[PDB]
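Remember, it's 1-based here, ligands and their atoms both numbered in the order they're listed. Per chain, numbering begins at 1; letters A, B, ... match sequence-line order. FYI, side chains are in, hydrogens and waters are out, and symmetry mates aren't considered; it's all heavy atoms of this structure.
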2 protein chains.
Amino acid sequence: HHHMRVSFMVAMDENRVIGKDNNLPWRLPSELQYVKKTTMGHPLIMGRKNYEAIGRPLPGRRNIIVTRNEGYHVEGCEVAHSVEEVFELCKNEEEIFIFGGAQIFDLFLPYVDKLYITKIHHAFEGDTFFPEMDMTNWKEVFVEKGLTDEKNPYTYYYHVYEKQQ
Amino acid sequence: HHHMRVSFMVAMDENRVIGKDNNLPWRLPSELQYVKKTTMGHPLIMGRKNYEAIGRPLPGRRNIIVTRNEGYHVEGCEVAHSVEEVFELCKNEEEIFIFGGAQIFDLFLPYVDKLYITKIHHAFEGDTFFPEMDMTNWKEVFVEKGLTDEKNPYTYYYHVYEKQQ
Ligand SMILES: NC(=O)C1=CN([C@@H]2O[C@H](COP(=O)(O)OP(=O)(O)OC[C@H]3O[C@@H](n4cnc5c(N)ncnc54)[C@H](OP(=O)(O)O)[C@@H]3O)[C@@H](O)[C@H]2O)C=CC1
Ligand SMILES: NC(=O)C1=CN([C@@H]2O[C@H](COP(=O)(O)OP(=O)(O)OC[C@H]3O[C@@H](n4cnc5c(N)ncnc54)[C@H](OP(=O)(O)O)[C@@H]3O)[C@@H](O)[C@H]2O)C=CC1
Ligand SMILES: COc1cc([C@@H](C#Cc2c(C)nc(N)nc2N)OC)cc(OC)c1OC
Ligand SMILES: COc1cc([C@@H](C#Cc2c(C)nc(N)nc2N)OC)cc(OC)c1OC
């Protein structure tokens, strides 16, 4: 019924860890560069907790915050309270990026068309996970090794998957 | 319609610069060794400006120069005036390397099957750029850090991507 591409944008470790103590368990500025370039010009859909840890709108993109709080407001951002309200806000968009965290990934899981996953080859301590997905009917359409150096101290790969049917 | 693999061979910086003042912005003799070893035994397809800065045929490869000039001739080199004429000349080749510069990379962009791209981790001043490419349905099949030493004073990586669909 919705006409936008619904894409997930996530970085996770060997055990699907995405967070520890309401923050990111790793610092990978080069991974952040990839995220910025990939998502630029497209709406970012984020759970309230994800957004609040950021604390400011990310420039050049529609920032849409998902919350059950019907009195929630933040300047420079739009607020939605359900999947359908996100779909109404983004009805004429080409592609939107579900940007996390875990509760918001779970929420949009039935609707994902395309997956941009950074896979980090380390096992971090963590408490928040990317949902399991059955990847049948999914095709890897891109893979490349991430930049590992003094500023980016882990091995990681960018993967992109597209849903077939 | 054509049966040869159409490969690109290019070195570019962090902003896709490949040239400044009709020359290469950097000196990387080790990168040139990789170029020789990779292309040897296969046709090099070069724009007229690229070739003329070289000024002589590169040994052990068919040198094919692309120009609109129907009276253009160079000893030890073959001359083509269109994509189709290159395809005619190379119809029985296994693989050909589009060798630049930017106008010639633009020209053959719809036909590229394989990308050999060196990425230099520096921002040079430049005036000539490698075209943007949507890497959907391409996979990185090779990556290696280039040699950085007194003779090769930048950080760079060899990447090879192959088109899937
Ligand atoms: N590595 C990565 O790729 C990413 C990791 N993260 C990490 O994930 C963690 C945060 O994730 P998590 O704790 O799951 O929180 P989320 O970011 O998913 O936000 C949860 C909030 O979203 C709102 N929400 C959840 N479900 C609904 C619903 N059905 N309808 C309306 N609103 C809803 C609620 O807001 P409210 O309480 O206001 O009602 C809820 O508290 C952090 O550790 C963060 O660092 C985040 C993004 C990416
Ligand atoms: N870093 C790298 O990997 C490389 C960098 N370079 C750099 O690129 C620069 C040169 O590139 P650029 O200036 O774009 O020039 P090119 O090497 O692409 O050559 C331009 C010439 O190609 C011919 N040409 C262009 N389009 C067509 C067409 N449609 N049909 C027939 N002939 C055509 C024309 O020749 P004519 O005028 O005779 O008609 C034109 O002048 C230099 O700085 C060089 O150092 C070059 C190769 C590799
Ligand atoms: C944009 O900058 C940030 C983003 C996030 C967000 C995310 C993400 C995110 C990342 C990093 N990588 C991928 N592949 N997908 C994602 N969805 O939550 C961790 C938190 C930040 O610090 C609080 C950020 O710094 C300002
Ligand atoms: C081979 O020797 C040369 C080649 C080129 C060519 C190129 C290239 C080229 C390079 C360097 N690296 C990669 N990865 N791809 C390419 N296509 O144009 C700049 C110019 C030269 O001097 C002006 C060369 O010295 C004789």
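- Under the 4.0 angstrom criterion for non-hydrogen atoms, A11(B) is in contact with ligand 2.
- When heavy-atom distances to ligand 1 are checked against a 4.0 Å cut-off, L24(A) comes that close through both its backbone and its side chain.
- Each of the atoms 23 (C) of ligand 3 lies under 4.0 Å from some heavy atom of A53(A).
- Only the backbone of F99(A) comes within contact range of ligand 1, with a heavy atom under 4.0 Å; no side-chain atom does.
- For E14(B) and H121(B), the side-chain atoms include no donor-acceptor pair closer than 3.5 Å.
- In summary, the atoms of ligand 3 found under 4.0 Å from a heavy atom of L24(A), numbered by their order in the structure, are 11 (C), 19 (C).
- Among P25(B), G101(B), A53(B), the residue whose heavy atom sits closest to atom 17 (O) of ligand 2 is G101(B).
- Evaluated by nearest non-hydrogen atom to atom 22 (O) of ligand 3, the leading choice among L28(A), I117(A), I54(A), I18(A) is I54(A).
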Point to revise | Step-by-step ring pair (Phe, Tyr, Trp, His ring centres under 6.0 Å) determination, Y34(B) to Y116(B) | key: CA-CA 10 Å; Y34(B) 172 85; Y116(B) 301 75; 7.3 Å; no

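- When heavy-atom distances to ligand 3 are checked against a 4.0 Å cut-off, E31(A) comes that close only through its side chain, counted from C-beta outward.
- Nearest residue to atom 26 (N) of ligand 2 from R68(B), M46(B), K20(B) is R68(B) (criterion: closest heavy atom).
- In this structure the side chain of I64(A) reaches within 4.5 angstrom of the side chain of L89(A), judged on heavy atoms.
- Ligand 2 has no atom lying under 4.0 Å from any heavy atom of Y116(B).
- Interface of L32(A) with ligand 3, defined as ligand atoms under 4.0 Å from a residue heavy atom, comprises 11 (C).
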